[PDB]
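# An overview of the molecular structure
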12 protein chains.
Amino acid sequence: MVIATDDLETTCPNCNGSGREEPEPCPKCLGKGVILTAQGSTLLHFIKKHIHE
Amino acid sequence: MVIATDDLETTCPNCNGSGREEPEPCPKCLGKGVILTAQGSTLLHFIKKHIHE
Amino acid sequence: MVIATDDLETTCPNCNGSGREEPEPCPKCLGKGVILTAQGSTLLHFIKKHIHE
Amino acid sequence: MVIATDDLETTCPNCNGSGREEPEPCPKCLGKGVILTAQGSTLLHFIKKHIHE
Amino acid sequence: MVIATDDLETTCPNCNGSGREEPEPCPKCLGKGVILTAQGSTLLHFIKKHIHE
Amino acid sequence: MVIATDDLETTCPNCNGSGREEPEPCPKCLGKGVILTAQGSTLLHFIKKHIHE
Amino acid sequence: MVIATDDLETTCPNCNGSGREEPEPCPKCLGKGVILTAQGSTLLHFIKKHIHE
Amino acid sequence: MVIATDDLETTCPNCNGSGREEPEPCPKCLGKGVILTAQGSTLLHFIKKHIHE
Amino acid sequence: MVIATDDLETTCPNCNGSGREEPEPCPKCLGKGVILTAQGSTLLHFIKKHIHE
Amino acid sequence: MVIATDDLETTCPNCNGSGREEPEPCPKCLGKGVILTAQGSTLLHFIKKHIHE
Amino acid sequence: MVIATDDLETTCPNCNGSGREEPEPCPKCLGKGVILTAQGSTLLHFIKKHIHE
Amino acid sequence: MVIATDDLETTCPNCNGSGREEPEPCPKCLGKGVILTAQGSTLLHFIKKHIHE
Ligand SMILES: [Zn+2]
Ligand SMILES: [Zn+2]
Ligand SMILES: [Zn+2]
Ligand SMILES: [Zn+2]
Ligand SMILES: [Zn+2]
Ligand SMILES: [Zn+2]
Ligand SMILES: [Zn+2]
Ligand SMILES: [Zn+2]
Ligand SMILES: [Zn+2]
Ligand SMILES: [Zn+2]
Ligand SMILES: [Zn+2]
Ligand SMILES: [Zn+2]
């Protein structure tokens, strides 16, 4: 596909995907285990920007 | 465009797009008349995954 | 790759991929277990139209 | 990236991006300063169409 | 195709595509009924810059 | 769609659809009323070279 | 490349290259020996529409 | 072009082009002198799967 | 954007923008201070071949 | 361009781009200030694997 | 991902992974068990031509 | 292909191919006869940044 999950987010380098920095959630990916790529933030920002017009 | 509606969803083969399997909604596309392609589910999943962070 | 399998066809929602509706091939995907995306139909259609040339 | 902000929306020609047609918001981009391209409306429509299934 | 018309220009929001603001051509789209996307401007700009070569 | 029908074949210039040439079949497009593009010819030559017939 | 010459024009099916139909330029191609693809036509029509001329 | 012959098949590493391993056709390429790329294999497998034959 | 400005033209090596060569105009880029890429040259040669001038 | 920098790597979330975790290079991005996307790893990996050939 | 690993290299036909040929190393793929594609060969030849070593 | 040599480097405008400016290698191209495109520069800079060397 043109845009796959891997094009939108990548495994967080801090928790290596666990979402954890024990005993707390991982601060770098705020618990998700992944961080957004520029393409993912572009798409997310766009949707949030216009979803409720 | 890079991603058109047709790249994101296709007409449901069960109801041929009607969203109906009379007398009930069509079960395969749960009433929408279309089903998601891998590219559409990837995009939808991504948005739902991060929209409320 | 530019056009991967998932860009061409998607799991049939009627048989969820088995290609079967016992005792018959699944009629929605013609026993293939997948339905074509618009890009897949476009390609199949073109090859078929010009196969003898 | 495959789809950048500029592929999804363009500066509104009426307010040149200000979101204003003084003393009121700009009517053409309904206050946002940008209007959607076909690719942006396709993506937005798709998300709104399936986000709550 | 890789770059379709809709990738290049989008219906002008001021005249909704007529190209008119009677009695004049619509000033926002220069009577064209469409405004350029960034990709359209990029292309037009390049051709114009090197047209005599 | 990256590869559309019109990117694989372009309407025949010697006819324009009727795919004919009164009273026999059109020579240029063998009656199909469309000719192949470099992309279309490329795909077809490949499939035919390997479908191993 | 994204858009190659091959993406923009095809070998004319009437003169096949020369663009000649003796003793005159090939009518179908205007002597050029090539006809436009849908991509070629889209880009050219775009430029023609806004080039100013 | 989106998909060029080069995208679909490579020079066979056993006969390097000829597809021959004297006195017989090259086993690895079936004499064709080329082996398939993952893109080639995806498209061919697609067509084979639905061509009906 | 699939095709950006910098994919159509790359800064001239003999000058670097001033598009000059004291006291006359820069030879390599004819004063435009940018030279064409294969993509840029491709597009321009096509437009010029068909704009029919 | 088809693959831009942002398609290859994204600001490291641990050092926010400085490449530093004083007094050391940031261990998460190896002092680079960026982490690779899947496309970036794929490319780096391929070049490295075949660098001596 | 536009360019995946399998688009840069395709499994060697003379071995299939072991990257060997008992008792020495595989000749065709020099022990790497994968050969280069036009895309992969293209990228590698470019990097090597400019990395200036 | 996605990225062709033509996408990565252009004919040098100082020596036009040879990369020579007698009796020395062409300064602009380092004798290579080609200069980098923005795409070439992006990919090379990427590899250089992480190759380790
Ligand atoms: Zn984390
Ligand atoms: Zn249905
Ligand atoms: Zn089925
Ligand atoms: Zn506005
Ligand atoms: Zn207007
Ligand atoms: Zn005809
Ligand atoms: Zn002709
Ligand atoms: Zn062979
Ligand atoms: Zn210059
Ligand atoms: Zn870091
Ligand atoms: Zn081998
Ligand atoms: Zn030079």
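This text goes with the structure placed above it.
Criteria and cut-off values
- Residues numbered from 1 in each chain as written, not as in the entry; some residues may be left out.
- Chains lettered and ligands numbered in written order.
- Heavy atoms only, no water.
- 1 Å grid on protein atoms, 1.4 Å probe; cavity = no way out; pocket = protein on both sides within 12 Å on 5 of 7 lines; lining within 4 Å.
- Points joined across faces, edges and corners; volume = space filled by probe spheres on them.
- Helix = DSSP H or I, 4+ residues; strand = E, 2+ residues; numbered from the N terminus.
- Nonpolar A, V, L, I, M, F, W, Y, C, P; charged D, E, K, R; others polar.
- Contact = heavy atoms within 4.5 Å.
- Buried area = accessible area lost by both parts, 1.4 Å probe.
- Salt bridge = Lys/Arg side-chain N within 4 Å of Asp/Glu carboxyl O.
- Polar contact = N/O pair within 3.5 Å; in protein donor to acceptor, adjacent residues only side chain to side chain.

The next subject is the layout of surface pockets. Roughly 370 Å³ of internal volume is contained in the largest pocket. Lining the largest pocket are 19 residues, with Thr-10 and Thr-11 of chain H together with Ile-35, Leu-36 and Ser-41 of chain K sitting closest to its centre. Of all the secondary structure elements, the ones that give two or more residues to the lining of the largest pocket are α1 (5-8) and β1 (9-11) of chain H together with β4 (34-36) and α1 (38-50) of chain K. Here the lining of the largest pocket is built from residues that sort into nine nonpolar, six polar and four charged.

Look at the link from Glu-22 of chain A to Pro-23 of chain A: it is a cis peptide, with omega at 5°. Note that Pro-23 of chain A resides in the loop between β2 (20-21) and β3 (24-25). Although it is not a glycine, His-52 of chain I sits at a positive phi angle of roughly 50°. Residue position: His-52 of chain I is located in the segment after α1 (38-50). Within the chain, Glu-53 of chain I stands out as a residue other than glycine whose phi angle is a positive 70°. Tracing the backbone shows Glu-53 of chain I in the segment after α1.

Accessible area lost during the coming together of the parts is what is often quoted as the interface size. Each partner contributes residues to the interface: chain C has 17 residues there, and chain H has 12 residues. In total, chain C and chain H occlude about 1,300 Å² of area from one another, counting both sides; carbon and sulfur atoms represent 72% of this. Taken as a group, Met-1, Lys-32 and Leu-44 of chain C account for 34% of the area that chain C buries against chain H, more than any other trio of residues on that side. In this assembly, chain C and chain H are joined by one salt bridge. Measuring nitrogen to oxygen at the nearest pair gives 2.8 Å for the salt bridge that ties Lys-49 of chain H to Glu-9 of chain C. Taken together, chain C and chain H are joined by four residue pairs in polar contact. Looking at the side of chain C that touches chain H element by element, the count peaks at five residues for helix α2 (residues 38-50) of chain C. Its residues placed into classes, the side of chain C that touches chain H shows 12 nonpolar, two polar and three charged.

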